[PDB]
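**Student:** Take a look and give me a structure for this.
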Amino acid sequence: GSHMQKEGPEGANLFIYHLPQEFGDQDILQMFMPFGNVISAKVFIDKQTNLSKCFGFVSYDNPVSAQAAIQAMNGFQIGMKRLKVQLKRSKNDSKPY
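**Tutor:** Numbers count the residues shown, from 1 in each chain. I have put the structure below:
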């Protein structure tokens with residue numbers, strides 16, 4: 001029934017934050033798919049108050065796919081918002097700055 005949220009395993013760890021107005025949750029499964037398989041996602045943006053967050057996470061099979069997408073989607077802006085992404089570094093915060 002109730003299961004804990006599946007985070008990426010040993011070696012691949014992908015957090016996608018700061019998605020543009022056409023990127024979003026049912027579409028996260030859509031554009032990342034030919035570079036490798038989906039396992040679980042949800043966007044925690046607290047929808048009723050809109051405090052800066054827009055913070056994400058996702059599960060990819062095995063580490064030969066970590067480093068091959070982690071740099072093709074870094075810094076290329078889509079629209080009025082920019083995408084910044086990295087290997088799982090020590091989790092201390094859930095705000096941009």
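
**Student:** out of everything not next to it in sequence, what's closest to the spatially most central residue of the chain?
**Tutor:** When C-alpha atoms, centre = their mean is applied to the chain, the residue found nearest the centroid is residue 16 (2.1 Å). Nearest non-adjacent residue to residue 16, counting by C-beta to C-beta, 6 or more residues apart in numbering: residue 56, 4.3 Å away. C-betas here are computed from N, CA, C, even on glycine.

**Student:** which ones are touching that neighbour?
**Tutor:** 15-17, 19, 28, 41, 43-44 (C-beta atoms under 8 Å, 6 or more residues apart in numbering).

**Student:** Now the buried members of those.
**Tutor:** Buried members of those, counted by 16 or more other C-beta atoms under 10 Å: 15-17, 19, 28, 41, 43.

**Student:** can you redo those as JSON lines with distance to residue 86 and secondary structure?
**Tutor:** Shown next, in JSON lines, are the buried ones among the contacts of residue 56 (distance: C-beta to C-beta, whole Å; DSSP: H, G, I helix; E, B strand; the rest coil):
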{"residue": "15", "distance to residue 86": "8", "secondary structure": "coil"}
{"residue": "16", "distance to residue 86": "11", "secondary structure": "coil"}
{"residue": "17", "distance to residue 86": "10", "secondary structure": "coil"}
{"residue": "19", "distance to residue 86": "16", "secondary structure": "coil"}
{"residue": "28", "distance to residue 86": "17", "secondary structure": "helix"}
{"residue": "41", "distance to residue 86": "17", "secondary structure": "coil"}
{"residue": "43", "distance to residue 86": "18", "secondary structure": "coil"}
